[PDB]
Amino acid sequence: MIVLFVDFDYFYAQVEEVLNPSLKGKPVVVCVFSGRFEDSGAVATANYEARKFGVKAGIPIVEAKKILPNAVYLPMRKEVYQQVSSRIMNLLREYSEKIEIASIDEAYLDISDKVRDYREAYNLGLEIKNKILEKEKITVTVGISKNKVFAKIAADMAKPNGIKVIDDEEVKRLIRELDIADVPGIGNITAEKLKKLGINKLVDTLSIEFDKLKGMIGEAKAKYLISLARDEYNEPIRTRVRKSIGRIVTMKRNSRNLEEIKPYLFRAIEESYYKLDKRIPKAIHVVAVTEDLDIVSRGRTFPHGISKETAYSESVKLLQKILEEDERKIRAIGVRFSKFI
DNA sequence: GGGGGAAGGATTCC
DNA sequence: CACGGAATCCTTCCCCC
Ligand SMILES: Nc1nc2c(ncn2[C@H]2C[C@H](O)[C@@H](COP(=O)(O)OP(=O)(O)OP(=O)(O)O)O2)c(=O)[nH]1
Ligand SMILES: [Ca+2]
Ligand SMILES: [Ca+2]
Ligand SMILES: [Ca+2]
Numbered sequence: 001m002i003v004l005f006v007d008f009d010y011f012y013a014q015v016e017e018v019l020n021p022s023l024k025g026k027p028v029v030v031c032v033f034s035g036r037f038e039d040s041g042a043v044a045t046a047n048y049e050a051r052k053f054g055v056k057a058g059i060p061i062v063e064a065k066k067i068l069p070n071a072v073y074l075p076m077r078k079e080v081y082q083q084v085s086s087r088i089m090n091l092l093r094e095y096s097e098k099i100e101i102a103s104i105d106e107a108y109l110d111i112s113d114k115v116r117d118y119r120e121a122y123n124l125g126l127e128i129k130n131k132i133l134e135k136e137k138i139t140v141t142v143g144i145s146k147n148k149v150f151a152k153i154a155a156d157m158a159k160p161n162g163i164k165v166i167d168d169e170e171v172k173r174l175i176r177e178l179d180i181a182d183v184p185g186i187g188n189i190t191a192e193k194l195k196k197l198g199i200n201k202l203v204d205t206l207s208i209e210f211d212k213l214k215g216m217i218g219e220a221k222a223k224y225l226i227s228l229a230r231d232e233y234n235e236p237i238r239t240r241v242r243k244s245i246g247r248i249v250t251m252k253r254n255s256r257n258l259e260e261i262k263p264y265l266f267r268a269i270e271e272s273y274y275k276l277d278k279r280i281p282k283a284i285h286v287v288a289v290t291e292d293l294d295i296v297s298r299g300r301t302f303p304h305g306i307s308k309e310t311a312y313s314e315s316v317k318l319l320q321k322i323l324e325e326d327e328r329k330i331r332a333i334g335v336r337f338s339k340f341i
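Its first residue numbered 1, the first sequence is counted upward by one per residue in the authors' numbering.
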């Protein structure tokens with residue numbers, strides 16, 4: 001089997017560079033202002049002109065302007081990027097019936113019934129790149145390997161706007177030389193727990209008794225790495241469907257006053273419903289971020305669908321439950337609707 | 001003993 | 001920090017055969 005992964009380059013920023021070409025070459029930073037205090041907020045992403053100086057996703061906008069005080073800062077317009085993405089995905093379909101969308105800029109494609117041998121795949125990659133570049137003026141990176149995991153990795157390497165195949169012979173090479181940390185699904189928390197077990201390389205996951213390895217990093221994550229190390233990972237590509245829709249927002253200032261937090265909440269709810277399009281959720285969760293950037297949530301599942309009127313009512317209670325259970329001040333508030341019918 | 005869920009949270013990632 | 005959004009796995013408690 002052969003898998004081709006697609007990972008659009010610095011997406012949000014490039015989509016802005018495409019809508020306003022006068023940007024190209026310049027340092028571009030797509031921001032997410034919270035309204036808290038002037039320039040307060042994070043960075044969704046940035047183009048490579050800005051990335052060359054540390055300005056990346058996650059860091060505070062303020063920390064960015066310190067580095068590049070003259071870079072171009074644009075507010076994140078998720079909706080617009082969403083549509084562009086949609087199209088690009090629709091385009092890929094005409095390359096394989098088997099397609100799995102991992103995010104707003106990631107998709108796997110099983111070209112087993114289209115290509116034979118990697119060379120033909122590598123060419124199909126270029127055939128796709130040029131196609132995308134032409135139709136939407138958007139460069140992307142393509143990773144090719146036997147399974148989704150290695151395909152993604154291959155991509156990570158070729159970045160930006162590149163292509164790369166990982167033949168079975170090299171696959172074995174990575175299981176030993178490749179850093180365990182860089183393996184998809186291995187954040188800081190996990191990588192560290194592995195650093196102790198002594199597992200610094202993928203292959204090392206074979207020098208530990210399943211139980212200890214399992215009891216340390218969960219059963220699922222355990223079997224996961226073990227199959228990858230044994231060179232037997234082979235998850236199929238499938239059409240995933242949104243399991244939930246939500247909306248969150250940072251208040252002008254921390255709070256614990258029911259009436260002061262309500263307005264924000266009702267807005268998240270009001271919007272989350274519109275987002276629902278024509279979906280009817282059976283579960284409603286109220287998420288809250290305390291003064292120390294912590295997250296607590298209380299929800300509830302019903303035997304029937306939830307109406308907007310019901311969302312309002314219930315949402316209040318859950319928020320009340322939160323307050324009387326956490327003395328901390330609430331920095332942000334929002335909702336989450338799941339368990340659609 | 002163990003299936004069955006629900007809920008609250010931990011983790012990873014875009 | 002300093003934002004949003006979302007999936008998956010995990011621990012835990014609760015009801016019952
Ligand atoms: N709002 C928000 N967006 C994020 C965050 N992290 C990543 N994103 C955005 C960046 C892109 O718009 C999209 C895809 O993430 P990548 O990790 O693919 O970012 P980018 O497009 O720069 O990929 P690239 O490194 O150029 O290959 O998700 C985040 O923490 N907050
Ligand atoms: Ca990506
Ligand atoms: Ca990307
Ligand atoms: Ca990692």
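Beta carbons are placed, not taken as given, at the ideal position from N, Cα and C, and that holds for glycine.
Backbone secondary structure at residue i - three-state DSSP
i	result
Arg256	coil
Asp110	strand
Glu325	coil
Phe266	helix
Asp179	strand
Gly215	helix
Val241	coil
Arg247	strand
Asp105	coil
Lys52	coil
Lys172	helix
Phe150	helix
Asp292	coil
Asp231	coil
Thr310	helix
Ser315	helix
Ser96	coil
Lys24	coil
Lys159	coil
Start-to-end residues for the alpha helix (DSSP H) that takes in residue i
i	result
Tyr12	11-19
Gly125	117-136
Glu79	78-93
Beta-bridge partners of residue i, as assigned by DSSP
i	result
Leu276	In the DSSP output, where bridge partners are listed per residue, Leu276 has none listed.
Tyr73	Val29
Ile144	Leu4, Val165
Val286	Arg298, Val335
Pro281	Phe340
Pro60	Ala42
Limits of the beta strand (DSSP E) - the one that residue i falls within
i	result
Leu206	Looking at the DSSP string, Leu206 is not in any beta strand (DSSP E), and its letter there is neither H nor E.
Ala191	Counting along the chain, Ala191 falls outside any beta strand (DSSP E), though it belongs to the alpha helix (DSSP H) covering 188-197.
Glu100	99-101
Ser297	295-301
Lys339	330-340
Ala42	41-46
heavy atom of ligand 2 below 7 Å from residue i C-beta
i	result
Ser85	no
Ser315	no
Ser207	no
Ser112	no
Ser103	yes
Heavy atom of ligand 1 within 7 Å of residue i beta-carbon
i	result
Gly54	no
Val32	yes
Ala158	no
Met89	no
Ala151	no
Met251	no
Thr239	no
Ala57	yes
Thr139	no
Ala50	no
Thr45	yes
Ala42	yes
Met76	yes
Residue i Cβ short of 7 Å to ligand 5 heavy atom set
i	result
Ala44	Among the ligands in the structure shown, ligand 5 does not appear; only ligand 1, ligand 2, ligand 3 and ligand 4 can be found there.
Using the beta-carbon of each residue, find all residues closer than 6 Å to any heavy atom of ligand 3 and list them in chain order.
So the residues near ligand 3 by this Cβ test are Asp7, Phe8, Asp9, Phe11, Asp105.
If you measure from each CB to the nearest heavy atom of ligand 4 and keep those under 5 Å, what residues do you get, in chain order?
Here the list is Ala181, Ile186.
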